[PDB]
Amino acid sequence: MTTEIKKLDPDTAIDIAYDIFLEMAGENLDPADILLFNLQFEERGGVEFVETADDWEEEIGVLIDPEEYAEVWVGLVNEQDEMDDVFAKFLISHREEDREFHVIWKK
């Protein structure tokens, strides 16, 4: 505690979000997309931890503060390691006070 706003570690953020994709990924997600994720995810696993953006107030339906939120994208990648097929994106409030985590399924 040397500042006011603290971010989350790469492995830490991914860890939490990862568990959220395993527990959340259900009815909220499209059926067909659920299956594919079940058959192809191990060999084609994708979970890139991106940052916030300005073009947020369009998809989720609410403006978000940039460089102040943890953006997580969990999709399916190839053997070349990429991220062109995202399944669900999560947004976790970096800060400790108030934990606003809202994931988006098939936009």
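Above this text is the structure in question.
Residues numbered from 1 in each chain as written, not as in the entry; some residues may be left out. Heavy atoms only, no water.

J.: Please provide a residue-by-residue account of the sheet that holds strand β3 (residues 86-92), values included.
T.: If you trace the four strands from one edge of the open sheet to the other, you get β1-β2-β3-β4, paired in antiparallel fashion. Lying at the two open borders of the sheet, with one neighbouring strand each, are β1 (46-50) and β4 (101-105). Each strand axis lies, on average, 15° off the axis of its neighbour in the sheet, ignoring direction. In terms of strand pairing, β1 meets strand β2 (residues 70-75) through five bridges, oriented antiparallel. (Pairing = 2+ DSSP bridges. Helix = DSSP H or I, 4+ residues; strand = E, 2+ residues; numbered from the N terminus. Axes fitted to C-alpha atoms, helices over the stretch in contact; angles between N-to-C directions.)

J.: Explain the nonpolar core to me, and be specific about the residues and the numbers.
T.: Within soluble globular proteins, side chains that are nonpolar generally end up buried alongside one another. Formed by 16 residues in total, the largest nonpolar core has its most connected members in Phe-21, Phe-41, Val-72, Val-74, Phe-90, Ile-92 and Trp-105. Listing elements by their share of this core, those giving two or more residues are α1 (10-24), β2, β3 and β4. Looking at which element gives the most residues to this core, the answer is β3, with four residues. Not counting residues up to four positions away in its chain, the partners in contact with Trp-105 are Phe-21, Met-24, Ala-25, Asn-28, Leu-29, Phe-87, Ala-88 and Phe-90. (Core = buried A, V, L, I, M, F, W, Y, C linked by side-chain atoms within 4.5 Å. Buried < 20%, exposed > 50% of the residue type's maximum accessible area, 1.4 Å probe, protein only. Contact = heavy atoms within 4.5 Å.)

J.: So what's going on with the pairing of β3? Which residues, and what values?
T.: Among the seven residues of β3, six are classified as buried, and the element is accordingly described as predominantly covered. Both β2 and β3 contribute to a ladder of six bridges, which runs antiparallel. Across the sheet, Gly-75 pairs through a bridge with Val-86, a residue of β3. Of the strand pairs in this sheet, β3 and β4 are connected by five bridges, and their pairing is antiparallel. In the sheet register, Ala-88 faces β4, and the bridge partner there is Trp-105.

No statement about biological role is implied by the geometric values presented.
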